[PDB]
Structure formats: structure tokens, C-alpha cells
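1. my complex, first installment, coordinates as in the assembly:
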Amino acid sequence: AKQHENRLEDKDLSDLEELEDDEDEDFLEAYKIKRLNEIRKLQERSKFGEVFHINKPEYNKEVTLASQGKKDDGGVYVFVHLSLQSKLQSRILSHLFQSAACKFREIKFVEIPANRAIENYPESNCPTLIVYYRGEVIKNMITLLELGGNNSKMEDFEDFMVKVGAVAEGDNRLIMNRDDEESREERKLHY
């Protein structure tokens, strides 16, 4: 049953063209128009793409209004970062935000100093990662010992975005699914 679904489900618009000579045109082009429409929706939703270094008055808008988005429940995820330059984990998490911002343009990446965020915040609890969605806090994450701590990598951060429902599991942009071209080249030769 899955062998028929893998022709369309496991191929993007660039990979669907492989089956142009083999499979029927009406079977293939019917799905390419569907996948083409999904690509256009992501382009319209790409309202972001760099870290929004904000300040508090604005928090009451950027962090929360955005989380409502269109309010068609067009919700928008907003990853906040209570930065603290003295901590080593904070500078690591700041690099992950800019790296993920260039890839996931639909998700908003927010950064602010922790001293300016909350009155007399504990410095030991920093860096803090909050995830808003439709005005509600989906995840109040603590320091990155859960995500490896000092040895945190980009692969661990992208895996966390899938757990909170920010990115799909089978997304082609994730490093877990985005296999290298040399990897797929060896598979075709050994097939």
C-alpha cells in the first residue's frame, strides 16, 4: 500500500520530475500542482528571517500579537531568548537563532537581554527560551542541559522545533531529513 504513496509523498517538486518519463502525466502533474500550491503558501508566510532584537514596551506586541498572527487560525510561533552575555550557553543559543532564522522564515526568532526582560531575574536560570503561540506559552524551557548543555549542536535545536509543533517531521529543510547529495549518489549506484 505504501509503495504507491511513496511515489508522491516522498518526493518534492524537484524530485517529482524524476517520474515524468515513467509515471503518467495526469497522475504526476495533479500532485505537482498540489505541492506547488503548498510552496506558495510558505512564501507568503515568510514574514521573518533574522533575529528581532527587541525591547520591552514592544514585547507586549511583538511577542504576543504575533503569536496571534491573522487573528483562518493563522498562528505563528515566536521563540524568545532572554540573553545574558556573561553566560556561555547564551552566546551559543544566539548563534542557533540566526542559523535557524535563515532557514525557517515563517517562524519568528526573538531575542532580548534577560536583565531587561523580568525585574530582578535570576542570572543562574539564564539563558531562557520561551515559545509563544496564539498568545499562549507552549514551552517554558530551562537552561540547555536538556539539549546537551555546552555541547549543544544545530541538530539538537532543530529536533526541539519538531517537538513543539513548529516544523513538520518530514520537512526537507531539517538536517535529519536533508540527506547530502553524496549520500543519495551512493544509494543510486548500489541500488
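-> Received it, and whenever you're ready, just let me know what you need. Numbers count the residues shown, from 1 in each chain, chains lettered A, B, ... in the order given.
2. and the helix or strand harbouring residue A:62, what's buried?
-> Assigned by DSSP states H and E, residue A:62 falls within helix A:56-68. Of the residues in helix A:56-68, A:62, A:63, A:66, A:67 count as buried by neighbour count, 16 or more other Cβ atoms under 10 Å. All C-beta atoms are positioned from the backbone trio N, CA, C, and that covers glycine.
3. for my notes, confirm residue A:111 occurs in a strand.
-> Yes. When the secondary structure is assigned by DSSP: H, G, I helix; E, B strand; the rest coil, residue A:111 falls within a strand.
4. touching, it and residue A:50? I think so.
-> No. When contacts are counted by Cβ atoms under 8 Å, residue A:111 is not listed as touching residue A:50 (10.2 Å).
5. more crowded one of these two?
-> More neighbours surround residue A:111 than the other of residue A:111 and residue A:50, with 19 against 11 (other Cβ atoms under 10 Å).
6. which strand residues bridge the more buried one?
-> residue A:53 (DSSP bridges).
7. from what I see, residue A:89 and residue A:150 are in contact.
-> Yes. Counting by Cβ under 8 Å, a contact exists between residue A:89 and residue A:150, whose distance comes to 6.9 Å.
8. who has more neighbours, these two?
-> Ranked by neighbour count (other Cβ under 10 Å), residue A:89 and residue A:150 place residue A:89 first, with 17 against 9.
9. on the three-state scheme, the more buried one is what?
-> The three-state assignment at residue A:89 reads helix, by three-state DSSP.
10. from residue A:110, how far out is it?
-> For residue A:89, the distance to residue A:110 equals 17 Å [Cβ to Cβ, to the nearest Å].
11. cool, and residue A:69?
-> 14 Å.
12. okay, these two: which has more neighbours?
-> For the pair residue A:69 and residue A:110, the greater number of neighbours falls to residue A:110 (22 against 18), based on other Cβ under 10 Å.
13. chain B comes next; put it on the structure above:
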Amino acid sequence: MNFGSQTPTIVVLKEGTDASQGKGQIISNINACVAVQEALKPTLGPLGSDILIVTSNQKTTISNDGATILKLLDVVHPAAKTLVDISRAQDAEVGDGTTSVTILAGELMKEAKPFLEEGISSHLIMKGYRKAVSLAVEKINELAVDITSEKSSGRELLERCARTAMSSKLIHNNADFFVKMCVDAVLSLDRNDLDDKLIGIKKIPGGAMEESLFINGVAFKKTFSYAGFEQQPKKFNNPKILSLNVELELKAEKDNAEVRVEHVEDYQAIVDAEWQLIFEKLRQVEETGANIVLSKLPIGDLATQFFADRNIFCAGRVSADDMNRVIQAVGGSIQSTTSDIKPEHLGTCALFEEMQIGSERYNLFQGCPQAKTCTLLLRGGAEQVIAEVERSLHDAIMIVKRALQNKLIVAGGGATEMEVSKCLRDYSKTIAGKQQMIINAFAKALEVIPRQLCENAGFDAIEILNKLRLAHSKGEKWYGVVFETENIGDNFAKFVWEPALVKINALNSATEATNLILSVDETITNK
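-> With chain B now in place:
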């Protein structure tokens, strides 16, 4: 040849699809409507009782009219949904008689029971009621007298007809004070363009209902109020009202402008340009002297401190329906450009005062004789007393809404049903056929509205109705039942009137409700 051991037969309909033939289903559909009818039976009349409904979400909703009672109870049966559709249609078109139209619709179904038990199919009895309504609507038009022949005053007409609407509610003793509110409220509206959204009533808690006050102005309820509030004067003599759809916010909902600069000296210019633009918009509003600034979209924080300095009142986050009511009162339309403003678009009022009631604060315009709108602040003890009195005056407004379009007086207290019934009895005796017994049943069904008036009052019904049958033998009009004197008499001498559209649309809707489920013999439900 066969594929396997055995082959079970196919059911034609889907598994679980209910279906039935014969006269049992149409009797079940009629009994289903009578089951819904019995809930609204004792509600009919001034001495009737309210109905308490509590849905699955555990929200209390008390009501007297059958419009929202049937909306709360989610009806599964299609035949019982016929009473719900006409009740909402009667509520949408006229706004009165939602309980009586369901009682008349079920009574025609109730009187059609023994005729369906006979061999007469439903296509004969449909023709009899459908023939009777053609004479009933004409007889109501013939019994409709015009008010201009007497050359009476127009103000007393609305008070006379609205008094009937305030029966069977919590208002009937306090009707001396509140009937003046709705009559004066609807008269402020334009006769050519009478609108239903300009009569919005706010469900404000606290206070007794008699402590309310009618003002030609409109209130809005204080909004978010960033720091700045409670510094301006909350009382003005002749303020100028301004409305702005433009969002006075420092790039809050605006699209993200990607600003890129390459000099340090220009960085001081670009950060001050934000302050330069927002202050230019405030100075342009300041020059016109707008004492009351309003907006549907939120007002920035810096504007509140600026308007607080020059004693300018400000408020934001107003809804579209409430803001549309303001524009009908304060004259000029909305402008979303600070440079294109003009003095002539500003409104005015003779007095303005903010006062708190129910621990809530409401800005009240006062002294607006040129206003083509109105407002009502019903205060009530509980929360359902407010909502019940809210929809009650909405029904009272709906009577005077339709009375101004066409001025027709008709009898009340169940009298109009009986003069129509006895005329059909005079028409039925000359037929001498199957339609005679059907029209006599239609005359018997119209008699039910006098019954519930007497049953809820406690007096016996068979004795008093026979007295009316002896009284209606001669020529008589406006002859019904009353409860104050406990003795029947002339309703015109008792001064109770109603519109003619209530009785006309009730007979057409009740007969159409009857013919819908008498023109069927089966109800199929899948799944």
C-alpha cells in the same frame, strides 16, 4: 464457480439507517411536535411562566419567548425543527408571537390526528387549511381600522401598542416608566431608515432596573486605558468629537520596514524621524481643537500623555458596531488622515459626563437632539434579569418598528382568532363536503389561544368560551378576555391593541409549518 462457502445478502440502505412505512411515522412526527408544544403551552399569556434551560456548557439562560428557548435546545428530530425554524423566522421578520405560532402549528397537527386516523389522506386536509388561510388573511384586513380617521396623536399610538408587548414579562408593573424609554428611543430614529443595530443594549451588571436612564447620546465603556487616564477632565461643556480609523501606534501592526543605514550622523536623524512623524500627527489634530478623539484601532501610549496635557479626552479599541452608532449621533463621517481633517466634520454635544455604575465606567454623551440613534443601559439584579429585560424591550421595539411602517389596529386577547374562526364556520356550512369538517377543525385550532390565557389564569375554560360563543352570535368586535376585572368585555374600552402583521404571519407560518410535515410520510436518518 462461487468464490467461497456462502454469500450474505446486501441490505439496500446503509447499515444503521432508520426507515419506516405506514401511518406510524407521521403520527410520531406529530406527537414529537406536540411534545415540544407542551413545553410552551403554559408559557402563553400574561400570567404564564418562564422556562429555565441549562445547556451542556453549564451557562444559565432564562427566557419567556420561544425564540431562544428552541435555539438553546439542539433539536435532532426534523419534524420538531419545523417549530424552531418558524420561531426564528417570526423572530427575524416581526419579533412577536413566537410562542403562539408554535402553539397554533401544533394544534393544527393535533386536530389533524383523527382525520389521519381516518382513510382521508393528507392531500385533502392540506387543501382545506390552505383554502381557509386565503379567507383568514382577508378577514383580518377587513377588520383592520385606520387611526387617521379619528385624527389622534402620533405619540400616544406607540405607547398604546407597546403596552401589550410588556405583558408576560418581568416589566408589566414597571411598564409605566420603561414604555416611555422605548417609545422615545425609536422616535429618534429616522422613519425612512429604521435600523436594528443602533438599538444595542449593554449587559452592565449591578443596580435595579428602575434606576436606568434614557439619553439620546451613546456610551461605550471605558477601554484599555494606558497610563494617562484619570488626569483629563471627565466633564466637558461643548466638546468636539473626532473619529479616526488610522492606527496611532509606533510601528505596532505596520509591516516590518527593513531600514539600512551607513552613517552615524544619519542614525540620529532616523531615530528622531519616528518621533518627528508621530508628533506631526498629534499637532495636526491639536490645531482643530478636537476635545474627544475616538478610534476603532488602538491609540499609542505617547498620544495619551500628549492629550492628557492639553485636556483632550481620548479612547480606543472601539468596536465597529458601536463606532457606527457614534457617527450617526455626532454627524460627520470617519477620516483616516490627520492632514485631510476639517472643522465641519467634527461633532458636538450640549453636555458630557462620565459616571460609574456597577463598578464599571461609561462615557455618556448628553444633549443631542439632532442624533438619529439611541442607547439603553438596562441595569438589573442578576445577569439573566438584564438579558431577559434586554430581549423584552427588543421585542417592544420590534412592535413599534413595524407599527410605523403600516398603521393597522387589530383586536387582542384571543379575540381576533375567534372572529376569524366563526366566519370560517359560516363559510364551511355552505360547502357540504369533506372540506367542511376540515375547516371546522381549523376553526377549533384557532380557539386554543383563548384556552391557555384562561388555564394560566386559573379560571375554567369551557364555561367562559361558551359565553363568548353566545356573545359572538351577534355582530361584535374587540370582544375577548381580560384579567384585571375578572370579567370579559370590550377590549377597545380596555384600550389594548396589536399590529396586524403578528396575526397574518402567524397564520401563514403556522399553516406552512403544518403543511411541511403533513406533506410527508417518512423520515430517514443515516448513520
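14. take the buried residues of helix A:56-68 again, chain B included.
-> Within helix A:56-68, the residues that qualify as buried are A:61, A:62, A:63, A:65, A:66, A:67, counting by 16 or more other Cβ atoms under 10 Å in any protein chain shown.
15. contact partners of it?
-> Among residues not part of helix A:56-68, those counted as contacts by Cβ atoms under 8 Å, 6 or more residues apart in numbering or on different chains are A:52, A:54, A:75-78, A:80, A:108, A:110, A:112, A:116-117, A:132-136, B:252-253, B:301.
16. please flag which of those sit within helices.
-> Taking DSSP state H as the definition of helices, the contacts of helix A:56-68 contribute residue B:301.
17. quick check, the residue in the stretch 151-300 of chain B closest to chain A?
-> With distances taken as Cβ to the nearest Cβ, the stretch 151-300 of chain B approaches chain A most closely at residue B:252, which sits 5.1 Å away.
18. for that residue, phi and psi?
-> phi -90, psi -60 (degrees, to the nearest 10).
19. what about it, how many neighbours?
-> Applying the criterion other Cβ atoms under 10 Å in any protein chain shown, we find 16 residues in the vicinity of residue B:252.
20. enumerate every residue touching it.
-> With contact taken as Cβ under 8 Å, 6+ apart, residue B:252 is in contact with A:61, A:65, B:298, B:300.
21. kindly report the same for residue B:385.
-> Residues touching residue B:385, when contacts are defined by Cβ under 8 Å, 6+ apart, comprise B:170, B:209.
22. over to residue B:8?
-> Counted by Cβ under 8 Å, 6+ apart, residue B:8 has zero contacts.
23. may I ask which helix or strand encompasses it?
-> Assignment of secondary structure by DSSP H and E places residue B:8 within no helix or strand.
24. near chain A, which residues of chain B show up?
-> For chain B, the residues found near chain A under the criterion Cβ under 8 Å from any Cβ of the partner chain are B:252, B:253, B:256, B:301.
25. could you redo the last one with a cut-off of 6 Å?
-> Within reach of chain A by Cβ under 6 Å from any Cβ of the partner chain, chain B has these residues: residue B:252.
26. go ahead and add chain C:
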Amino acid sequence: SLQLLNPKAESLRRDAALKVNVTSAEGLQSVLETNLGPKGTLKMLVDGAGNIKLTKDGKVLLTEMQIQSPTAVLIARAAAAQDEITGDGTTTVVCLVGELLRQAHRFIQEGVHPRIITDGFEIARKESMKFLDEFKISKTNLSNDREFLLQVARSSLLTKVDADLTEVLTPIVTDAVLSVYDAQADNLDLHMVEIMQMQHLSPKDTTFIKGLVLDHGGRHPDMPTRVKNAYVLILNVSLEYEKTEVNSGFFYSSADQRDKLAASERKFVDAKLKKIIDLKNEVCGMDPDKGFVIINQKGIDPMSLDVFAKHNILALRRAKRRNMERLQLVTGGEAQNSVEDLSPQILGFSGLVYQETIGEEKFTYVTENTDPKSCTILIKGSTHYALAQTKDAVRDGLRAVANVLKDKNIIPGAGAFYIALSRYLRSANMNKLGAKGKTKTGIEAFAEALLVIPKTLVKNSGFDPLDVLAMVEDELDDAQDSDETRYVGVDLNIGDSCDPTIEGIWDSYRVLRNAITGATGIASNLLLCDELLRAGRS
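-> To build on what is shown above, here is chain C added in:
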């Protein structure tokens, strides 16, 4: 039509009912195909109890393995019912119904009706009955040829057991059957010939005893073991205590009267023992040389056994119903029930009576009779399945050889009967017959179905079945013109034809007659059935 009536049911009709009867027939045929013939494979049957029983008889395979199919239970009753009265021809019935259905089913697929096909089998069956009269040969029993009976006995015994058991067990049957023929010429198998189990040295040590053997002996040690001249006495009276129809208490009053009434228990027994002592006084002469033995059908009290032990009278109790009906035939005496009227004429005669015991059990042997009218066949064996294998072999061998003496004819076997009917049905003029229309293939179907039996014998030997019939067909083509009446056979040793007249292979008359009659009835009824269904309350 059945699904709206019954909420649960199964129905096959017009193609599956035909496939079921043929598929179940071919399935059951493949089970018993390998067992048919002398070089066939043995078959054991072990249930959940763990016991073992070994035999090649199709009846034991069918009446021990539970079967669910509705066709095979009719083949089971048909194979069982034919064997239960005849004793031979069990697998032959299964092969005929197993082959005649598949041989007709090919023509049902061609579109021939089942009614006219079975009409051809019936009119073809009447031709075989007319052919049995000409095919059989007369044999006179007055000659008393013992060699002719030896060859008939080896026909069935070679099929079940090997040559080592056949040679030693063949004359055991011939000596038992030689005494069956008499002046009255009345055959008696069940009363005369019997089988008894005995775990002993080996199956090869089976011996023939002319007298009646008993499975019991003397209980007391002092009673005599061996007796030279023992005159038997039959008494069906029970000599132990009897409870006496409602009789109750021996109400005793004093202590001396208690035992005085207890002594009356012996008086009823001693009244009957005194009649035996009075009978012994008449035959008291030569008491040390001669002897006396009493055989009772019911139990004897142990108090009375000491009376017989003192007079050296051998006692045997709790005999079977069949043994009392056989002592008159062996010893020549007469039976008696009551002890009132006795005489010396009813006493039998025996030349040798001795007992031999092994383990806990003890057997009594009687033999050396003057003119024994009956005898026994005491079979020896090692294991329980060895007795069961000898049970079916002796049960089927005695019935096959006994039927030859019933009639004055015998049918030669080894495929001579089936091959002869093949040429008869395929060469006979059809105008003499009354069948017309689409009865052309019904004659050919039943005539060709008989050929599969003699090659099933070849399928166990491993040779090519179609090639060993080539010279058989060529022999009969020249035998008719050569003016020499001979009957061919099928020898599996060398893979060439033979003559059953000199080799000694024979078959009974009523076996092949009842086999085709029972097989044609079952196969015809299964063909006409065009619908199967199950329905009932449970």
C-alpha cells in the same frame, strides 16, 4: 434463497458440490492408493492416549480416524458395510468410487447430463453380472483338495503380512477350515473359529490347537494341573451365594442359634455339590488314570473350591457365552443347567488336558479329541499392535477362504476380472444393448475406470504402469485367435504378465460382486447430487 431464511448457513451448488465429491474422492483415494497390493506401505494409528495399532485394512483406517467431509463418511460406511459381511474388498470399493467419479467428472465438464451417465453405469453393471456367469469356473468340493485351500489362504495373507508370517500362519487356517466341511455342509465361522490374545515369545510361534483353549486355570495349588482323560461337565448354575429376593435377616436369638443359621449357607451349596459327588460315584473307576473337570459360566464361591480340590476335580469359573456353545462341538458331550437330572451320556471326552502359566495369568489347554466338530486358532504375538495386525489378517483371511466353500465357484484375480471386463465393454456390440443417445461415454467411463486398479498394484512396486500393460494387451489379441482359453495376471516381482491359475492367486465370488454393486450405487448417488447445505437446531 437460504440466506434470508436462515441467518447463518453454508451452501454449495452446481459447481462446488461436484468439485467437493470429486476432490474428497481423490483425496481419500490417495490415502488408500499406496496400501493396495502386496508391496504396499504399512500404516499405524496412534491417538492421544498413546496406544499403537498397526494394520493395512482400510476399515481400520476409516473407523478410527475422524472425518469431517460429507462425501467420505458415505465412503466409510460403504467400505465398512461391504467388509463387515464379506470380510474382503475394502479398498477396492474406495478405489472404484474414488476413480469412477473423476473418470465421469471430465465428461460432466464437457456438458453430459449426470442422469444419462449413471444410466450407463447401471446397464453396464448388468453386463458384468452376465459376465460373472461365463467368467467363473465350477469346482467340486467332494475332491477335498487341500492344495487348493492353501493357495486361497496365501492370497489374502501375502497382502497383509510378509512371506515369513504367511508360510507359518497359512496351514493354521487350512487345518481350521478343513474341519468346517461336513455332510450337512452348513458353514459356521463365528462360533467355530475364534481369536484370542496372548503375549508370548514371537508372532512366528503361532500354533494350531484342535480343541477349545481357555484363558483361566485352577485357582488352588493342590488342584490337579494336568489330566489325561478329563470328562467335562457343563453347568450354568451359580454356586456361590445368592441374595434371595427380599429375604432379610436371619433373626438370631441366642449365640448358639447365630452360627446354627450361618451353617445354612453351606446347605444350599452342598445340595448341589452332592449331585456332583453322586455323578462321580458312577464314573469312579480308574480314578488315578482318569479325571473330572467342571466348567461354570458364572462365578464359584471360594468356600466350595476346597470341595473340588479334595476330590482332585479341576474347577474353571466365569466362562464366556461362546465357550459354552463350543464345548459340545469339541468334547462331543451335551450341555446341562440344573443339577437334578444327570446322566453319563452328556459327559464329553478329552484325550489331553494341561495348563501352562506365564506371569500372573494362566491358560488351560484342551486337545486330542476323538471327533472334534470345532477348534480354535491361538495366535501368539509380541506387542499389542502385533495382535491387532494378526487380528485383521486372520479376520479377513478366514472370511475370504470361507466364502469359497459357500458357493461352487471362484473368481481368479490379479487384474484378470478387470482386464476382461475392459475388452468386453469396449468390444461388445451396442445394438444388442438397450441404451441409446449420450450413453456412449458412460460405457467407456466405467470400462476405463476398472483399469486403474491393477496398475495401482504396479505403482507400489515402482515400475512404469502403462508399459507393463503393453504385452498384456498384445497377449489377449493373439489369445482369442490362438484357440486357447487362458487368463493373464500381473506379477509385480519381475514386472511381466503371469497366469493366476498356476500361481495360486484367487479371489472370492461375492467380493467383486458386492464391491461393484455397492460402489456403483454410491458413485451414482454422489453424481446426481448438485447441492450441499447444513441446517438444523443445536
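27. check the contacts of helix A:56-68 one more time with chain C there.
-> Under the criterion Cβ atoms under 6 Å, 6 or more residues apart in numbering or on different chains, residues A:54, A:76, A:78, A:80, A:108, A:132, A:133, A:134, A:135, B:252 lie in contact with helix A:56-68.
28. which among these end up buried?
-> Applying 16+ other Cβ under 10 Å to the contacts of helix A:56-68, the neighbour count classes A:54, A:76, A:78, A:80, A:108, A:132, A:133, B:252 as buried.
29. identify the farthest-apart pair in the residues you listed.
-> With distance counted by Cβ to Cβ, no two of the buried ones among the contacts of helix A:56-68 lie farther apart than A:133 and B:252, which are 19.6 Å apart.
30. how far does stretch C:480-490 sit from its chain's centre?
-> Taking Cα atoms, centre = their mean, to the nearest Å, one finds stretch C:480-490 lying 34 Å from the centre of the chain it belongs to.
31. ok, and the closest non-adjacent residue to residue B:411?
-> Residue nearest to residue B:411 in three dimensions, not counting chain neighbours: residue B:478, with 4.7 Å by Cβ to Cβ, 6 or more residues apart in numbering or on different chains.
32. same check, this time on residue B:65
-> Across the structure, with Cβ to Cβ, 6+ apart as the measure, the residue nearest residue B:65 apart from its sequence neighbours is residue B:98 (5.1 Å).
33. for chain C, see how far away that neighbour is.
-> Noted for residue B:98: a distance of 51 Å to chain C, by Cβ to the nearest Cβ, to the nearest Å.
34. equivalent analysis for residue A:62, please.
-> 69 Å.
35. before we move on, what about residue B:54?
-> Residue B:54 sits at a distance of 45 Å from chain C (criterion: Cβ to the nearest Cβ).
36. that residue: neighbour count?
-> With neighbours defined by other Cβ under 10 Å, the count for residue B:54 comes to 11.
37. the one 3 residues further on too?
-> Here the count is done by other Cβ under 10 Å, and residue B:57 has 5 residues near it.
38. and it, that one's in a helix?
-> No. Applying three-state DSSP, one finds residue B:57 to be coil, outside a helix.
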